Amino acid sequence: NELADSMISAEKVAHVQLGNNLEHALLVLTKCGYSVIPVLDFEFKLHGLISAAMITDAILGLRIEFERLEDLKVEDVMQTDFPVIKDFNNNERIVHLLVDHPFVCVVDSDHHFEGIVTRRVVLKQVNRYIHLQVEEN
Amino acid sequence: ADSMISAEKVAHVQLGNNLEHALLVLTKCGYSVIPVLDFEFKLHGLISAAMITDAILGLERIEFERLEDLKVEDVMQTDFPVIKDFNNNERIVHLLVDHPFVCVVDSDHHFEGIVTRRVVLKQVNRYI
Ligand SMILES: [Cl-]
């Protein structure tokens with residue numbers, strides 16, 4: 001159960017809500033310690049992922065138009081194309097997703113946001129394996 | 001060893017550049033953290049949008065007008081691990097447990113590239 005036990009619980013992951021403006025999202029991103037955060041609805045279902053780069057790209061003028069952050073909404077710029085994990089029954093699919101994704105969101109069958117799995121657990125396992133090889137030799 | 005992303009494929013900023021320029025480079029480049037170099041391409045620090053925005057967080061507002069007043073060296077992180085070569089492979093994997101990437105430099109602090117967690121994930125996927 002090592003992949004499942006490594007999930008970071010949702011209440012430890014900052015998020016924004018549909019309808020939040022981009023100035024609010026930038027504040028959450030800056031304080032939270034994650035470079036990408038989930039976008040949830042009022043039922044805590046997962047709709048998207050947002051980063052500072054997505055926000056700033058949206059206000060790149062012909063001048064960075066920081067005044068526009070007040071008016072744009074997170075759903076206007078968030079990424080809607082993302083993988084999810086719905087169970088821990090398949091270790092290989094999770095490891096496969098972590099190749100091109102630094103973390104993957106965990107949701108239940110109705111898309112309620114549960115937490116994230118990151119690459120760190122796999123690095124911990126590789127680290128342990130390397131040390132076991134030293135021990136065995 | 002063969003997985004290092006070489007320095008010329010990584011965007012950087014230079015000492016003395018302001019935070020407005022750094023935000024532009026960060027936004028376009030596709031890396032969330034980029035190196036800060038000097039004229040000799042020596043590594044002085046690492047900078048991210050979160051470091052930049054934290055520096056201009058007021059008690060009432062995000063003070064974007066201050067981006068042109070601050071320089072990258074004012075906000076960059078200067079305490080980070082590096083590797084000089086691939087003569088200590090166990091240390092590299094050890095570092096990648098708590099760091100998403102580590103910079104590669106030479107003895108003169110010249111920036112050579114970065115090693116990331118992705119290559120390890122690639123190997124694990126292939127073994128599995
Ligand atoms: Cl990572």
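To find a chain, count down the sequence lines: A is the first, B the second, and so on, and within it residues start at 1.
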task: Compare every heavy atom of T30(A) with every heavy atom of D54(B), then report the nearest pair and how far apart it is.
output: N-CG2, 3.4 Å

- request: Determine whether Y31(B) and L60(A) fall in the same hydrophobic cluster, where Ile, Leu, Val, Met, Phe, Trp and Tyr are linked whenever their side-chain heavy atoms lie under 4.5 Å apart.
  value: yes

field: Transitive ILVMFWY side-chain link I92(B) to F101(B), under 4.5 Å
entry: no

field: Contact winner vs chain A - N89(B), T116(B), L57(B), heavy-atom pairs under 4.5 Å
entry: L57(B)

- request: List the atom of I64(A), the atom of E20(B), and the distance in Å for their closest heavy-atom pair.
  value: CD1-O, 4.3 Å

- request: Taking atom NZ of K73(A) as the centre, report whether more than 12 heavy atoms of other residues, nucleotides or ligands fall under 6.0 Å from it.
  value: yes

query: Going through the distances and angles, do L29(A) and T53(B) end up as a side-chain contact (heavy atoms from CB on, under 4.5 Å)?
result: CA-CA 9 Å; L29(A) 277 157; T53(B) 305; over 6 Å; no

- prompt: Counting only heavy atoms not in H47(A), do more than 12 fall under 6.0 Å of its NE2?
  reply: yes

message: Salt bridge check, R120(A) against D98(B): does any charged N sit closer than 4.0 Å to a carboxylate O?
response: yes

message: For residues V106(A) and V36(A): do they belong to one hydrophobic cluster (side chain heavy atoms under 4.5 Å, members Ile, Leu, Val, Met, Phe, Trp, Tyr)?
response: no

- request: Measure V122(A) against the heavy atoms of chain B and call it side chain, backbone, both or neither at under 4.5 Å.
  value: side chain

- line: Interatomic distance, CZ@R93(A) vs CG@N125(B), rounded to 0.5 Å, equals 12.0 Å

- request: Kindly work out whether a path of hydrophobic side-chain contacts (I/L/V/M/F/W/Y, heavy atoms less than 4.5 Å apart) joins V13(B) to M76(B).
  value: yes

task: Give the intermediate values and the outcome of side-chain contact (heavy atoms from CB on, under 4.5 Å) for residues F66(A) and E63(B).
output: CA-CA 10 Å; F66(A) 300 110; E63(B) 299 163 9; over 6 Å; no

statement: Okay, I52(B) and chain A: the region with an atom under 4.5 Å from a heavy atom over there is neither

message: Please determine whether the number of non-hydrogen atoms from other residues, nucleotides or ligands lying under 6.0 Å from atom CZ of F88(A) exceeds 12.
response: yes

field: Connected via hydrophobic side-chain network under 4.5 Å: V97(B) and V82(B)
entry: no

field: Check against side-chain contact (heavy atoms from CB on, under 4.5 Å), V134(A) and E90(B)
entry: CA-CA 10 Å; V134(A) 169; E90(B) 186 276 342; over 6 Å; no

task: Under the side-chain contact (heavy atoms from CB on, under 4.5 Å) rule, what do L123(A) and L121(B) come out as? Steps first, then yes or no, please.
output: CA-CA 8 Å; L123(A) 265 291; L121(B) 266 294; 3.7 Å; yes

Proximity breakdown for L98(A) and chain B, heavy-atom pairs closer than 4.5 Å: both

